[PDB]
């Protein structure tokens, strides 16, 4: 312990503490001795003691949903990098969209007194929004809303709507008029918001999407698989499909292949997320890219701000998706007619 170090050095703990944090000038001679002891005694200064006094843990908490999913996984790795460099420690929490679970992690977190909170819960019911407020005191930012549901947080917005729009536009411009869509959960932003952006372009083009052509997924490859199936497993099928998430796309690809349908020669498919290895899908996936690192870094930043420069007001920063052309889309029947 520090006392033990001070003794081996025959200096006061104050001195020990000062040399360890260079918070005041100490003589070389003195300072070496301290180091010496620190070394033999093999000292590890306790963060708990420290945090207890200085009042901050240099530790931040990520209340996510799941961390296996490619999408999430990439964001997280991002956030960790940032924590690491500004010297923060990341406490990861998966709540699986479970309220109970969510109230639990929130609670352990406050208790562990994290400096700030990163939230990525996918769906926000009032009960959740409500819980979150009970912690306005701990600084936080939600990284997955589409607009700013609340006033007690910072927020980074992904313009998912404008992504939906881009996707649809692309298909339209490639000659397609018979399109289907497998969207992600409507209770989520990246679900509802992308569908909507997609539907605007359709309506702008006077394209009507037969309900038998829209099939809900859940971002999981299985959902993709079933959706595609149900789509192509029908009398009249579209020539192209907009799928709200790369991993589901992955699944949508498999099924087509399984029905002996050729992509994109038989069906064109466009995804969304540009997950780390969508380029190695077969065929190489054409998708909308979501800035995951920037989404992370930007979030970590507004937090640190609030944390460091004691900011009180809610902030919000937009971020922008962009189209990545790969090999899963092919001209439609109307390309030549424009």
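Numbering follows the first chain given and starts at 1.
Averaged over CA atoms, B-factors in the entry run higher in 134 to 142 than in the other of 165 to 173 and 134 to 142.
Two stretches are in play, 304 to 312 and 285 to 293, and the higher mean C-alpha B-factor belongs to 304 to 312. Residue-level inspection of the entry shows that, of 181, 129, 248, 104, 129 has the top Cα B-factor.
Going by the entry's values, 9 shows the largest Cα B-factor out of 19, 330, 9, 323. Sorting the modelled residues of the chain by their CA temperature factor places residue 41 in the highest third. Ranked against the other modelled residues of its chain, the C-alpha B-factor of residue 216 as given in the entry falls in the highest third. Residue-level temperature factors show residue 94 in the middle third of its chain, judged at the C-alpha atom. The entry lists a Cα temperature factor for residue 238 that places it in the middle third of the chain's modelled residues.
Among all modelled residues in its chain, residue 222 ranks in the middle third by Cα B-factor.
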